[PDB]
Amino acid sequence: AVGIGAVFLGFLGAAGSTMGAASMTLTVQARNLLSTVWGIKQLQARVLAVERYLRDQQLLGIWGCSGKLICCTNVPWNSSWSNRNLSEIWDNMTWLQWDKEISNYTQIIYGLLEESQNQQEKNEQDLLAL
Amino acid sequence: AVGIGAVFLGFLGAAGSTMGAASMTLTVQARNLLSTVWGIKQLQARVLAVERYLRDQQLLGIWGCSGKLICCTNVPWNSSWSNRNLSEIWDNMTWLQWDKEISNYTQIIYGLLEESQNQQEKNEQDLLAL
Amino acid sequence: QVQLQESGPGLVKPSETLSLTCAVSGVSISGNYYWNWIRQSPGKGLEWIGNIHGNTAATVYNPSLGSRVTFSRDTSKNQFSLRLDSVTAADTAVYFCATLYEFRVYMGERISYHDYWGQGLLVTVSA
Amino acid sequence: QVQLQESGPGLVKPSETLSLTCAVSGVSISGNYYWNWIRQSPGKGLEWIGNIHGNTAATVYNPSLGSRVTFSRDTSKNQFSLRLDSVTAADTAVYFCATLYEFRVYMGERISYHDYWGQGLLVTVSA
Amino acid sequence: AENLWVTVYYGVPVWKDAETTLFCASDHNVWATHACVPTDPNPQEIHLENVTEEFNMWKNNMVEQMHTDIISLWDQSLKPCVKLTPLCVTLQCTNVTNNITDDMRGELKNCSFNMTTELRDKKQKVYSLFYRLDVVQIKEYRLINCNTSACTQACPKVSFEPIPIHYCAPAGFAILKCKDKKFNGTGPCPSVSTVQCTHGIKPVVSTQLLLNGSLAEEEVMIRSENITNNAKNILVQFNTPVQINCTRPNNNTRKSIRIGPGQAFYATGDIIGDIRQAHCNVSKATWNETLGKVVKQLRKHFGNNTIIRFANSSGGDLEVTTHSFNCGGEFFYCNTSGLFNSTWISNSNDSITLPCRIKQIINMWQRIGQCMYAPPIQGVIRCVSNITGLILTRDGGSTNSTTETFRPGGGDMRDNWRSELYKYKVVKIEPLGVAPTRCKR
Amino acid sequence: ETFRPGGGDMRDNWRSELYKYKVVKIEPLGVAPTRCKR
Amino acid sequence: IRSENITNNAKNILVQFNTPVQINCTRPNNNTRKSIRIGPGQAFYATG
Ligand SMILES: *[C@@H]1O[C@H](CO)[C@@H](O[C@@H]2O[C@H](CO)[C@@H](O[C@@H]3O[C@H](CO)[C@@H](O)[C@H](O[C@H]4O[C@H](CO)[C@@H](O)[C@H](O)[C@@H]4O[C@H]4O[C@H](CO)[C@@H](O)[C@H](O)[C@@H]4O)[C@@H]3O)[C@H](O)[C@H]2NC(C)=O)[C@H](O)[C@H]1NC(C)=O
Ligand SMILES: *[C@@H]1O[C@H](CO)[C@@H](O[C@@H]2O[C@H](CO)[C@@H](O[C@@H]3O[C@H](CO)[C@@H](O)[C@H](O)[C@@H]3O)[C@H](O)[C@H]2NC(C)=O)[C@H](O)[C@H]1NC(C)=O
Ligand SMILES: *[C@@H]1O[C@H](CO)[C@@H](O[C@@H]2O[C@H](CO)[C@@H](O[C@@H]3O[C@H](CO)[C@@H](O)[C@H](O)[C@@H]3O)[C@H](O)[C@H]2NC(C)=O)[C@H](O)[C@H]1NC(C)=O
Ligand SMILES: *[C@@H]1O[C@H](CO)[C@@H](O[C@@H]2O[C@H](CO)[C@@H](O)[C@H](O)[C@H]2NC(C)=O)[C@H](O)[C@H]1NC(C)=O
Ligand SMILES: *[C@@H]1O[C@H](CO)[C@@H](O[C@@H]2O[C@H](CO)[C@@H](O)[C@H](O)[C@H]2NC(C)=O)[C@H](O)[C@H]1NC(C)=O
Ligand SMILES: *[C@@H]1O[C@H](CO)[C@@H](O[C@@H]2O[C@H](CO)[C@@H](O)[C@H](O)[C@H]2NC(C)=O)[C@H](O)[C@H]1NC(C)=O
Ligand SMILES: *[C@@H]1O[C@H](CO)[C@@H](O[C@@H]2O[C@H](CO)[C@@H](O)[C@H](O)[C@H]2NC(C)=O)[C@H](O)[C@H]1NC(C)=O
Ligand SMILES: *[C@@H]1O[C@H](CO)[C@@H](O[C@@H]2O[C@H](CO)[C@@H](O)[C@H](O)[C@H]2NC(C)=O)[C@H](O)[C@H]1NC(C)=O
Ligand SMILES: *[C@@H]1O[C@H](CO)[C@@H](O[C@@H]2O[C@H](CO)[C@@H](O)[C@H](O)[C@H]2NC(C)=O)[C@H](O)[C@H]1NC(C)=O
Ligand SMILES: *[C@@H]1O[C@H](CO)[C@@H](O[C@@H]2O[C@H](CO)[C@@H](O)[C@H](O)[C@H]2NC(C)=O)[C@H](O)[C@H]1NC(C)=O
Ligand SMILES: *[C@@H]1O[C@H](CO)[C@@H](O[C@@H]2O[C@H](CO)[C@@H](O)[C@H](O)[C@H]2NC(C)=O)[C@H](O)[C@H]1NC(C)=O
Ligand SMILES: *[C@@H]1O[C@H](CO)[C@@H](O[C@@H]2O[C@H](CO)[C@@H](O)[C@H](O)[C@H]2NC(C)=O)[C@H](O)[C@H]1NC(C)=O
Ligand SMILES: *[C@@H]1O[C@H](CO)[C@@H](O[C@@H]2O[C@H](CO)[C@@H](O)[C@H](O)[C@H]2NC(C)=O)[C@H](O)[C@H]1NC(C)=O
Ligand SMILES: *[C@@H]1O[C@H](CO)[C@@H](O)[C@H](O)[C@H]1NC(C)=O
Ligand SMILES: *[C@@H]1O[C@H](CO)[C@@H](O)[C@H](O)[C@H]1NC(C)=O
Ligand SMILES: *[C@@H]1O[C@H](CO)[C@@H](O)[C@H](O)[C@H]1NC(C)=O
Ligand SMILES: *[C@@H]1O[C@H](CO)[C@@H](O)[C@H](O)[C@H]1NC(C)=O
Ligand SMILES: *[C@@H]1O[C@H](CO)[C@@H](O)[C@H](O)[C@H]1NC(C)=O
Ligand SMILES: *[C@@H]1O[C@H](CO)[C@@H](O)[C@H](O)[C@H]1NC(C)=O
């Protein structure tokens, strides 16, 4: 109980775990996204990484989930995308399988999130005018 | 009273001032953190500065203090880290001396902040489920 | 595989300072590990001297031996050293440097347990 | 300007699969467009086969043809293909690939309407 | 009882020691100002009260960056210039004895040789006047650098005159300057300021004497990494300058020889009038007063009854044994033997004339395999300069004797940059901070 | 079956060592169904 | 044994051993080297 050290699973080793268990250690993956001709190639790679991080952050911010790791929204879940109940999603599936399953219904969800956030912002502005 | 101009302190003028007095001018210092072979060196320096700024912003955001210069948290102050009262800190010491005194207990506080923010996020998600 | 190697003088005189250094290979010493110094002598058996924390430099020592010990850690060389002051004849022993810890998942179940118990070094106290 | 051109074998045997491919120029097929297949035969006149949504790949088929109709879309080649299984003598016709869409503003009025109705190709069914 | 909680502050004024890469700020030259950013007309400086920093002149990283930048610019400036490959031929030389003084006997050689032309199937016969230090006997001579490597002629339009340059740090870093007088380059400085970047520093190149430098504003200053050790040089900074007037009075003539398609070589045609030695003049009373001040300051560290002797250079290469400099494109090497020759014991209008020599084949930095052939200058040349410091070295120093003898030194060019960047240092800001406060989330 | 020595191309020399390694890129964004409401 | 398409004779076959085979080999002639200066700071090394 005293005098014993402890070490924990780090990088993507938690990919085989279920979605419920895999969504419990988001920070370990999140923190690793940032950190003559050969110098040009290395600088291009670094600039590409920075640009990708900025694009992801801007996409998160546009939906209203800025500065958050888990941010649940107002858009309802259409049944045409997936008809599996929560019992068979968060305890009998992994993130890779889920991504493979819903790979063809991603852009429409992003557009719906953008429109919902814009509508919420406009409604908030209207409310604050009183 | 009218027609007289005023000029205020510069970048690091408050280095010798007390912590309480120095905390009132964080914006001036925050502003300047952003802004053939010699071209490579200059571009590398600029990329390094941008990367450092992004890393600092990510560290701030992970703790839930995104977009704030002063942000209170929920982690209690352990008496082992320091034993001085508020009278001898915010009106008697300076930031450099405080860092010199505390620099041995930095990482553990960061980890505590991370875990506290994650727990708060999970609790908020559970609360909104009702 | 993690390996621990003890080093230091094989002989020391009474009332002098005994300095030993255990070097670690295969794992960084600055992690959340408690590096432990133990000794074994005929008659007394195994006796735990103390331990030091790699990350925070926190140290704990045996109350019986008191303040005669100081533990240090060097991250650049990946080593930790023990300095026992005011040696006597009773301090002649074989010194072991070891570490005991567990590998788990973050807020979950355990996976494995680890100890190494390096080969150790003989030290004798005499003028 | 936007243009559409059809291609495929002109003669097919009964009970075999008729494959046609419509290639578009002047606009991408990955946007919010519904690509429709129409056919004209003697007596029957214009008849609608089905349509496919480029962005999502949502397809709708005529109930009269049943499950004999299938659609596919290739974004790399900027084409979309119609497949008709179990072709019979009633399927001899001229096939056109069409698209109808309105250009408007975002939460406002409408600017224009667009339909193209490409040239099409004659297809006969016989062994 | 405390019920205090951690609170995060962004923008705390705290800094740490760090190393980075600075960039240009300056208001045809070898030191390319074209690629150097313009300077702000109104430099900004902030005085940090109650801040006492630590400084060490002998560990500054700015000196290394300055040396590397100067070497890189020097190498870059010579790229688009003619390479004197055909100049390695068998020269036939004779003595010049037309209106020459006794001291200039044998210094000049009149050498004839063959040369190529714009057409590769034709040859020409030409002649030139060379210095005795450039030609080595093989009545047949050859250039000194022929058996080492072929090497470049400097283009005649780029000027060697130094220009001030300022070094400004990137964003997130800061330049700290020590405004404390009497500071000796090592220890705690109590008066500190932050500057966006430094004053203009002229990259003046010289040995055994610091020319066109900065002057101490209080008194003569003596600096050394370890004064007890005799292997470390001593940097002496004056409080007033000493005027020195150097001149080459020979009325030289320049002629151009076409050695290929669009390639010319500039030779010394002939000397008009008399031939005389180039020389420098230094005031006598001013030198005596300056040396008295220097000995008085040196008396502080070496006892109050010691005898202080100034002697000649020990020996070695001509560059490290003689005060070498460049006056209007011509490279002078001079024998500072009448200056450092005196003894001091505890208790009008004439001037010292140093006669000295010119050279044309130059190995500027301490490297082997690359020259820089200086084209001849037309007409008499004269220059005037300030002496504002010395580089000395203690000979022997054993406890057996009670006399200390100092001799001039040099060779390493970093010491020239060190005397200017002694009061500057670079730090990096750390804005994140954690403090205890009663407020809770 | 007759087998003879080969070679010439040097890519096969490297291929014998990097046969068990591959490179992938991470995609940290995901969307799931869940029972909150903003 | 590895091959992209083992039924095709136009593709090479890569064989990886289990244990290595030692090969010892040598050039035994006692050679001598001499330098010839062919220009300013340019040398050519030849077998004397
Ligand atoms: C310490 O500082 C002092 C003062 O700051 C320095 O002394 C000054 O030195 C400079 C440079 O030597 C000198 O300026 C020259 O003055 C000459 C006389 O007036 C000019 O003739 C000369 O111009 C020629 O060189 C320029 C390039 O430098 C050319 O751009 C210009 O066109 C001239 O070149 C023509 O003439 C030559 C010769 O005929 C020919 O070969 C060319 O092809 C071209 O036709 C410079 O302007 C100052 O006059 C000096 N100041 C004083 C007061 O004397 C001193 O050198 C510094 N010490 C050290 C060690 O650097
Ligand atoms: C890799 O996959 C295996 C299984 O494919 C994982 O082991 C599984 O772990 C879960 C939870 O630890 C076990 O769930 C248990 O199910 C029984 C069913 O009766 C239930 O009674 C228990 O209360 C518990 O919920 C599951 O049985 C177990 N599978 C097997 C075959 O033992 C393993 O954890 C995965 N690895 C990682 C790193 O996630
Ligand atoms: C640099 O340090 C000096 C002192 O080390 C600072 O001066 C000090 O400033 C404080 C606050 O301005 C003064 O406190 C005042 O004291 C008087 C008398 O006790 C009291 O009536 C006031 O209410 C206030 O508490 C303090 O006296 C003064 N020190 C001295 C010796 O007078 C200085 O401010 C520091 N530099 C900067 C830029 O802050
Ligand atoms: C260097 O040598 C050349 C060649 O010997 C000299 O040029 C000759 O000068 C005399 C008169 O002094 C002329 O009669 C000849 O015709 C010249 N020769 C050529 C080839 O032109 C030159 O004067 C010498 N220079 C010095 C300084 O002694
Ligand atoms: C320039 O080249 C000519 C020949 O092309 C040299 O004249 C020869 O000199 C050698 C001795 O060095 C004599 O043995 C030949 O008989 C000469 N030939 C002729 C045709 O005169 C001349 O000496 C060279 N110039 C210099 C300065 O060496
Ligand atoms: C040699 O030193 C003197 C004195 O330090 C210099 O003359 C000064 O030049 C500055 C130029 O910024 C003036 O502001 C001073 O007023 C001058 N002082 C006197 C007494 O005249 C002189 O320029 C220096 N010479 C060289 C070549 O650097
Ligand atoms: C300055 O130099 C002196 C001379 O070398 C140093 O003192 C010497 O230190 C070495 C170290 O092993 C001894 O062997 C010598 O006997 C010492 N000589 C004298 C005369 O004391 C001195 O330590 C140096 N200063 C610093 C700060 O290192
Ligand atoms: C250096 O000093 C010497 C004197 O020791 C100067 O020589 C005199 O120069 C002037 C020039 O106007 C002549 O009129 C005199 O006849 C010269 N006298 C002697 C004895 O040589 C020399 O000119 C000075 N040079 C410089 C550059 O200052
Ligand atoms: C170096 O040269 C300068 C300028 O030629 C000399 O200064 C001149 O000295 C004469 C004689 O005393 C005066 O008439 C001039 O007015 C001075 N001019 C200037 C600008 O100072 C100086 O004396 C010379 N120094 C030496 C040691 O020769
Ligand atoms: C410093 O002065 C001494 C003494 O005058 C010089 O020693 C002379 O060197 C020359 C060589 O050119 C000899 O011919 C003399 O015989 C030497 N003098 C004596 C008394 O023997 C010494 O050369 C001077 N320093 C330099 C660097 O030249
Ligand atoms: C530097 O100057 C001194 C002083 O003139 C030179 O010392 C003289 O050297 C010559 C030899 O060329 C001797 O004949 C003299 O006797 C020396 N004078 C004295 C007082 O000893 C010295 O040689 C010069 N340096 C060099 C390298 O020549
Ligand atoms: C491996 O190679 C064989 C030989 O080429 C391939 O089989 C051939 O495929 C071509 C395709 O046009 C036919 O013309 C040949 O008749 C086939 N030969 C045999 C013996 O079947 C085979 O397809 C290749 N394997 C794969 C996976 O593509
Ligand atoms: C390769 O094998 C041959 C034998 O087939 C070796 O030849 C012998 O080499 C030794 C050297 O130690 C000599 O003493 C023998 O006299 C040689 N025998 C014959 C028959 O030539 C040869 O040395 C071997 N080489 C290597 C590099 O292993
Ligand atoms: C040239 O003059 C020097 C110095 O006077 C002398 O040593 C040399 O022998 C002379 N050479 C001749 C006359 O060829
Ligand atoms: C070139 O010649 C000089 C004098 O003969 C000699 O000192 C030098 O060593 C030679 N260069 C080389 C590279 O040997
Ligand atoms: C002068 O240098 C010595 C070097 O040991 C240092 O101890 C001393 O403090 C310096 N003087 C000042 C005034 O800083
Ligand atoms: C040098 O010679 C040229 C050409 O004769 C002449 O014009 C010039 O005046 C001379 N220089 C001096 C200082 O006499
Ligand atoms: C050196 O000083 C002495 C004085 O003792 C003097 O006799 C001698 O001439 C001086 N030498 C030179 C070269 O000035
Ligand atoms: C090759 O020859 C050299 C020179 O005689 C000799 O030293 C050396 O031993 C020879 N090599 C062998 C392997 O005998």
# chains A, B, ... in the order shown; residues from 1 in each chain; ligands from 1

$ residues_around --residues "range 3-20 of chain G" --least-positions-apart "3" --cutoff "12 Å" --atoms "only C-alpha atoms" --output "list in words"
residues 1, 2, 3, 4, 5, 6, 7, 8, 9, 11, 12, 13, 14, 15, 16, 17 and 19 of chain F; 23 of chain G

$ residues_around --residues "residue 7 in chain A" --least-positions-apart "6" --cutoff "10 Å" --atoms "only C-alpha atoms" --output "list in words"
residues 31, 32, 33, 101, 102, 103, 104, 105 and 106 of chain C

$ write_last_selection --atoms "C-alpha atoms" --output "PDB file, in the first residue's frame"
ATOM      1  CA  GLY C  31       9.293   8.152 -13.508  1.00  0.00           C
ATOM      2  CA  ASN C  32       6.875   7.300 -10.712  1.00  0.00           C
ATOM      3  CA  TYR C  33       9.188   4.721  -9.142  1.00  0.00           C
ATOM      4  CA  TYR C 101       5.926  -1.475  -8.686  1.00  0.00           C
ATOM      5  CA  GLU C 102       2.811  -2.447 -10.635  1.00  0.00           C
ATOM      6  CA  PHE C 103       1.558  -1.845 -14.176  1.00  0.00           C
ATOM      7  CA  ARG C 104      -2.173  -1.089 -14.436  1.00  0.00           C
ATOM      8  CA  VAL C 105      -4.617   0.901 -16.588  1.00  0.00           C
ATOM      9  CA  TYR C 106      -5.773   4.420 -15.748  1.00  0.00           C
TER      10      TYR C 106
END

$ residues_near_ligand --ligand "ligand 4" --cutoff "7 Å" --atoms "only C-alpha atoms and all ligand atoms" --output "PyMOL selection string"
chain E and resi 96+98+110+127+270-271

$ residues_around --residues "residue 66 in chain D" --least-positions-apart "5" --cutoff "12 Å" --atoms "only C-alpha atoms" --output "PyMOL selection string"
chain D and resi 49-50+60-61+84-86

$ write_last_selection --atoms "N, CA and C atoms" --output "PDB file, in the first residue's frame"
ATOM      1  N   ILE D  49     -36.386   5.914 -64.197  1.00  0.00           N
ATOM      2  CA  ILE D  49     -35.804   4.693 -63.650  1.00  0.00           C
ATOM      3  C   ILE D  49     -35.528   4.896 -62.166  1.00  0.00           C
ATOM      4  N   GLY D  50     -34.706   5.886 -61.848  1.00  0.00           N
ATOM      5  CA  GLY D  50     -34.333   6.133 -60.468  1.00  0.00           C
ATOM      6  C   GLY D  50     -33.356   7.284 -60.394  1.00  0.00           C
ATOM      7  N   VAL D  60     -32.807   6.008 -54.883  1.00  0.00           N
ATOM      8  CA  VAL D  60     -34.234   5.714 -54.961  1.00  0.00           C
ATOM      9  C   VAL D  60     -34.508   5.090 -56.320  1.00  0.00           C
ATOM     10  N   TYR D  61     -35.330   4.042 -56.334  1.00  0.00           N
ATOM     11  CA  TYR D  61     -35.628   3.270 -57.531  1.00  0.00           C
ATOM     12  C   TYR D  61     -37.124   3.303 -57.813  1.00  0.00           C
ATOM     13  N   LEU D  84     -28.965  -2.495 -64.811  1.00  0.00           N
ATOM     14  CA  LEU D  84     -30.306  -3.060 -64.946  1.00  0.00           C
ATOM     15  C   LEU D  84     -30.166  -4.566 -65.124  1.00  0.00           C
ATOM     16  N   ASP D  85     -30.585  -5.323 -64.114  1.00  0.00           N
ATOM     17  CA  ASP D  85     -30.524  -6.776 -64.156  1.00  0.00           C
ATOM     18  C   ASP D  85     -31.786  -7.343 -64.794  1.00  0.00           C
ATOM     19  N   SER D  86     -31.641  -8.516 -65.407  1.00  0.00           N
ATOM     20  CA  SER D  86     -32.750  -9.231 -66.039  1.00  0.00           C
ATOM     21  C   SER D  86     -33.448  -8.351 -67.077  1.00  0.00           C
TER      22      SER D  86
END

$ residues_near_ligand --ligand "ligand 13" --cutoff "6 Å" --atoms "only C-alpha atoms and all ligand atoms" --output "ChimeraX atom specification"
/G:24-26

$ calpha_fit_rmsd --fixed "chain C" --moving "chain D"
0.3 Å

$ residues_near_ligand --ligand "ligand 10" --cutoff "10 Å" --atoms "only C-alpha atoms and all ligand atoms" --output "VMD selection string"
chain E and resid 311 to 318 320 to 322 334 to 338 340 to 341 408

$ residues_near_ligand --ligand "ligand 17" --cutoff "10 Å" --atoms "only C-alpha atoms and all ligand atoms" --output "number ranges by chain"
E: 249-253, 271-273, 378-381

$ atom_distance --atom1 "atom 12 (C, counted along the ligand's line) of ligand 14" --atom2 "CA of residue 363 in chain E"
28.6 Å

$ select_by_dssp --residues "chain B" --states "strand (DSSP E or B)" --output "PyMOL selection string"
chain B and resi 70-76

$ write_last_selection --atoms "N, CA, C and O atoms" --output "CSV table (one decimal), in the first residue's frame"
chain,number,residue,atom,x,y,z
B,70,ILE,N,-6.7,35.0,-15.7
B,70,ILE,CA,-6.8,34.6,-14.3
B,70,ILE,C,-8.0,33.6,-14.2
B,70,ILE,O,-9.1,33.9,-14.7
B,71,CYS,N,-7.7,32.4,-13.7
B,71,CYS,CA,-8.7,31.4,-13.6
B,71,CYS,C,-8.6,30.6,-12.3
B,71,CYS,O,-7.5,29.9,-12.1
B,72,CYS,N,-9.6,30.7,-11.5
B,72,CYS,CA,-9.6,29.9,-10.3
B,72,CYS,C,-9.9,28.4,-10.6
B,72,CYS,O,-10.6,28.1,-11.6
B,73,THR,N,-9.4,27.5,-9.7
B,73,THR,CA,-9.6,26.1,-9.9
B,73,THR,C,-10.1,25.5,-8.6
B,73,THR,O,-10.4,26.2,-7.6
B,74,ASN,N,-10.3,24.1,-8.6
B,74,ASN,CA,-10.9,23.4,-7.5
B,74,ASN,C,-9.9,22.6,-6.7
B,74,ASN,O,-10.3,21.9,-5.7
B,75,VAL,N,-8.6,22.6,-7.1
B,75,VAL,CA,-7.6,21.8,-6.4
B,75,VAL,C,-7.2,22.5,-5.1
B,75,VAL,O,-6.8,23.7,-5.2
B,76,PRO,N,-7.3,21.8,-4.0
B,76,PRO,CA,-6.8,22.5,-2.7
B,76,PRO,C,-5.3,22.7,-2.7
B,76,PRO,O,-4.6,21.9,-3.3

$ residues_near_ligand --ligand "ligand 3" --cutoff "7 Å" --atoms "only C-alpha atoms and all ligand atoms" --output "number ranges by chain"
B: 14, 16-18; E: 49-50

$ closest_residue --among "B:23, B:57, B:42, B:119" --to "chain C" --atoms "only C-alpha atoms"
B:119

$ residues_near_ligand --ligand "ligand 2" --cutoff "10 Å" --atoms "only C-alpha atoms and all ligand atoms" --output "PyMOL selection string"
(chain A and resi 9+13-19+21-22+91-92+94) or (chain C and resi 105+108-109+111)

$ residues_around --residues "residue 62 in chain E" --least-positions-apart "6" --cutoff "10 Å" --atoms "only C-alpha atoms" --output "CSV table (one decimal) with N, CA, C and O atoms, in the first residue's frame"
chain,number,residue,atom,x,y,z
E,19,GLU,N,19.4,29.9,-25.1
E,19,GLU,CA,20.1,30.2,-26.3
E,19,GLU,C,19.2,30.2,-27.5
E,19,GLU,O,18.4,29.3,-27.6
E,20,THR,N,19.4,31.2,-28.4
E,20,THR,CA,18.5,31.3,-29.6
E,20,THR,C,19.3,31.9,-30.7
E,20,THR,O,20.6,32.1,-30.6
E,21,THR,N,18.7,32.3,-31.8
E,21,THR,CA,19.3,32.8,-33.0
E,21,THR,C,18.7,34.2,-33.2
E,21,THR,O,17.6,34.4,-33.4
E,22,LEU,N,19.6,35.3,-33.1
E,22,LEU,CA,19.2,36.6,-33.3
E,22,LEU,C,19.3,37.0,-34.8
E,22,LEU,O,19.9,36.2,-35.6
E,68,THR,N,30.4,33.2,-36.3
E,68,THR,CA,29.9,32.4,-37.4
E,68,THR,C,29.3,33.3,-38.5
E,68,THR,O,29.5,33.1,-39.7
E,167,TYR,N,21.9,43.4,-33.2
E,167,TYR,CA,21.4,42.1,-33.1
E,167,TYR,C,20.1,42.0,-32.3
E,167,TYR,O,20.1,42.3,-31.1
E,417,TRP,N,35.3,40.5,-30.6
E,417,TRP,CA,33.8,40.6,-30.3
E,417,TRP,C,33.5,40.6,-28.9
E,417,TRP,O,32.4,41.1,-28.5
E,418,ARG,N,34.3,39.9,-28.0
E,418,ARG,CA,34.0,39.8,-26.6
E,418,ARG,C,34.0,41.1,-25.9
E,418,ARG,O,33.2,41.4,-25.0
E,421,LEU,N,30.3,42.8,-26.5
E,421,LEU,CA,29.1,42.1,-26.0
E,421,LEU,C,29.2,41.6,-24.6
E,421,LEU,O,28.6,40.6,-24.2
E,422,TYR,N,30.0,42.3,-23.8
E,422,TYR,CA,30.3,41.9,-22.4
E,422,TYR,C,29.1,42.2,-21.5
E,422,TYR,O,28.9,41.5,-20.4
E,424,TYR,N,25.7,42.3,-22.3
E,424,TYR,CA,24.5,41.8,-22.8
E,424,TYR,C,24.3,40.3,-22.5
E,424,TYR,O,25.2,39.6,-22.5
E,425,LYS,N,23.0,39.9,-22.4
E,425,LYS,CA,22.7,38.5,-22.2
E,425,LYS,C,21.3,38.3,-22.8
E,425,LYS,O,20.5,39.2,-22.9
E,426,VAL,N,20.9,37.0,-23.1
E,426,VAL,CA,19.7,36.7,-23.7
E,426,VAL,C,18.9,35.8,-22.7
E,426,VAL,O,19.5,34.9,-22.1

$ residues_near_ligand --ligand "ligand 14" --cutoff "7 Å" --atoms "only C-alpha atoms and all ligand atoms" --output "compact mmCIF listing (two decimals) with C-alpha atoms, in the first residue's frame"
# COMPACT_ATOMS: atom_id res chain seq x y z
CA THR E 94 64.71 40.94 -60.75
CA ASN E 95 65.48 43.45 -58.01
CA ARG E 105 66.06 47.31 -50.38
CA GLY E 106 64.88 43.95 -51.68

$ residues_near_ligand --ligand "ligand 1" --cutoff "9 Å" --atoms "only C-alpha atoms and all ligand atoms" --output "PyMOL selection string"
chain E and resi 28-29+156-162+202-206+210-213+245+254+325-329+375-386

$ interface_residues --of "chain E" --to "chain G" --cutoff "9 Å" --atoms "only C-alpha atoms" --output "PyMOL selection string"
chain E and resi 85+88+145-150+369

$ residues_around --residues "residue 36 in chain A" --least-positions-apart "6" --cutoff "10 Å" --atoms "only C-alpha atoms" --output "ChimeraX atom specification"
/B:36-37,40

$ interface_residues --of "chain E" --to "chain B" --cutoff "9 Å" --atoms "only C-alpha atoms" --output "VMD selection string"
chain E and resid 2 to 15 20 to 23 45 to 51 170 to 173 194 429 431 to 441

$ decode --residues "range 50-55 of chain B" --atoms "N, CA, C and O atoms" --output "CSV table (one decimal), in the first residue's frame"
chain,number,residue,atom,x,y,z
B,50,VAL,N,5.8,29.8,-32.6
B,50,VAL,CA,4.4,29.4,-32.8
B,50,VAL,C,4.1,28.2,-32.0
B,50,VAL,O,3.0,28.0,-31.4
B,51,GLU,N,5.0,27.2,-32.1
B,51,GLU,CA,4.8,25.9,-31.4
B,51,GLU,C,4.7,26.1,-29.9
B,51,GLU,O,3.9,25.5,-29.2
B,52,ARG,N,5.6,26.9,-29.4
B,52,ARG,CA,5.6,27.2,-27.9
B,52,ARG,C,4.3,27.9,-27.5
B,52,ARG,O,3.7,27.5,-26.5
B,53,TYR,N,3.8,28.9,-28.3
B,53,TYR,CA,2.5,29.5,-28.0
B,53,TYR,C,1.4,28.5,-28.0
B,53,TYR,O,0.5,28.5,-27.1
B,54,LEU,N,1.4,27.6,-29.0
B,54,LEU,CA,0.3,26.7,-29.1
B,54,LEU,C,0.4,25.7,-28.0
B,54,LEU,O,-0.7,25.3,-27.5
B,55,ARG,N,1.6,25.2,-27.6
B,55,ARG,CA,1.7,24.3,-26.5
B,55,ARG,C,1.2,25.0,-25.2
B,55,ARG,O,0.5,24.3,-24.4
